[PDB]
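What follows is a set of notes on a single structure, which appears directly below.
Residue numbers (the numbering used here): 480 to 603.
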């Protein structure tokens, strides 16, 4: 019954923007951490951004600092990932994640995983 509904991915030219969205139906107070991980073929899965339940603490992988912003709207049970200045190395499957544990947002101990959304940054 814990569903992470992902949207917002697709194909985008380098320098362009996207907004990923992760909607969790129901009562999400127990999920203190929510975030995004990404994995491209042949590379290891990687933390991208995370946020706490109150929406006032965040963290990011260094390669996206200054380009991505994660935010949380509990009134709509949604976490958003605004992705600006996209680069080809941002190409990957992006996964919404959630976890109850009161650990650092970047600690890769997340127990709930979305099915993933493809993001492709073209340089043609």
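All C-beta atoms in this analysis are idealised placements derived from N, C-alpha and C, irrespective of residue type, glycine included.
Selected residue, minimal CA-CA separation from residue i, among the options
i           : options               : result
residue 572 : 515, 536, 505 and 585 : 515
residue 542 : 491, 485 and 569      : 569
residue 557 : 480, 497, 496 and 501 : 501
residue 531 : 525, 512 and 517      : 512
residue 586 : 546, 594, 596 and 540 : 540
residue 581 : 497, 560 and 509      : 509
Alpha carbon of residue i to alpha carbon of residue j, nearest angstrom
i           : j           : result
residue 537 : residue 499 : 16 Å
residue 483 : residue 583 : 21 Å
residue 567 : residue 600 : 5 Å
residue 564 : residue 545 : 9 Å
residue 574 : residue 525 : 10 Å
residue 506 : residue 522 : 34 Å
residue 490 : residue 518 : 16 Å
Residues bridged to residue i (per DSSP)
i           : result
residue 496 : Looking at the DSSP assignment, residue 496 forms no beta bridge with any residue, so it has no partner.
residue 502 : 484 and 557
residue 536 : The partner list for residue 536 (beta bridge, DSSP) is empty, contrary to what the question assumes.
residue 600 : 491
Integer-rounded CB distance, given that residue j should sit under 8 Å from residue i
i           : j           : result
residue 559 : residue 577 : Going by Cβ atoms, the distance from residue 559 to residue 577 rounds to 14 Å, so no, they are not a contact pair.
residue 494 : residue 596 : Contact flag wrong, Cβ pair sits at about 20 Å.
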